[PDB]
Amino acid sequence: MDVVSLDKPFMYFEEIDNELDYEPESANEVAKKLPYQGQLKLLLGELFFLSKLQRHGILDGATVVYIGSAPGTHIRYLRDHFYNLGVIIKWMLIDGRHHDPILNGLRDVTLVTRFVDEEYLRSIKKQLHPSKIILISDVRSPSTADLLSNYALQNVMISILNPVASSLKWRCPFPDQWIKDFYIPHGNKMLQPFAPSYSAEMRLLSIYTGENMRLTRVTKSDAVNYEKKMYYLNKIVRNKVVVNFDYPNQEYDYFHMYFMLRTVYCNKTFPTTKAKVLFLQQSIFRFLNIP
């Protein structure tokens, strides 16, 4: 067995303290181990992000604009969670594909069937005005060309929507497929437990203070770094059993999940963090039909 002792998991990209030459053979390996693992991956990250905004007092009264929301099964859990906590939030879910019918019939959630373009963004901004907007983007076209285009669309979402905060899908193009340097919003590169086995994808989390917008350039050397750091995380770290992690499941991803869940707020009071987390996890897995 692959056992180890860890104080805390790698929460953000910058924390990864080692790297490994990427082995293309890893692409042929089992990408997922749990049913609806993708819904779980998203639910944890979005719960983490939104709980932070709550902590900073910027969630209540906002409209969450989620672009690339379909099917969005897990979004129903998110909605119920904050709705039951007493937080007042309107949800606007936009995607050209159809949403899970469990999202229908809720006065607080609007489902829109539209692929957004710059022009459309302008009209929703005018229509949402004067509400404060929290943006969540999970759009997907892939080629580096598709990526750059998705990233360019994401930056235009922020400029036009002018959100108080945002969570954006972020996966750096692979070095051997570099095209050109580009900019992405400045934010924390949140790491994702339950991401596919060898996924280099993370979520860019940003909070907008003032009327400024900070961006950061991304170069091929950065792309080389992302590949090696993420490969080391996937191949070595995520394959560890944290034996000093007293929890029903000691695998790295549950240890990582634990740390995200411990930040989440609840109505019910627990005698320990372990009690809260086990409850949240149980609740999440049951909702998603994960054994």
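Each form is matched to the other, and the largest set of C-alpha atoms that superpose within 1.5 Å is called the rigid core. Start at 1 and count along the sequence shown; that's the residue number.
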**OP:** Report the stretch with the higher root mean square CA deviation, pooled over structures and residues in 4 other deposited structures of this protein, choosing between 116-124 and 208-216 after a rigid core fit.
**Re:** 208-216
Subject >> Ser141 to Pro142: deposited residues without atomic coordinates >> reply: 4 to 9
Original post:
Per the entry, where is the mean C-alpha temperature factor higher: 277-285 or 6-14?
Top reply: 6-14
Original post:
Out of 74-82 and 181-189, which one has CA B-factors that are higher on average in the deposited record?
Top reply: 181-189
**OP:** In terms of CA temperature factor as recorded, identify the highest of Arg107, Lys126, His98, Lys169.
**Re:** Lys126
**OP:** Quick one: which of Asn162, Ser149, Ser199, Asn212 shows the highest Cα temperature factor in the PDB entry?
**Re:** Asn212
Original post:
How does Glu46 rank on Cα B-factor within its chain, lowest, middle or highest third?
Top reply: lowest
Original post:
Going by what the PDB entry lists, where does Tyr66 fall on CA B-factor within its chain: lowest, middle or highest third?
Top reply: lowest
**OP:** Going by the recorded CA B-factors, say which third of the chain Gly57 sits in, lowest, middle or highest.
**Re:** highest
Subject >> Within-chain third of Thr263 by Cα B-factor, per the entry >> reply: middle
**OP:** Please place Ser131 in the lowest, middle or highest third of its chain by C-alpha B factor as given in the entry.
**Re:** highest
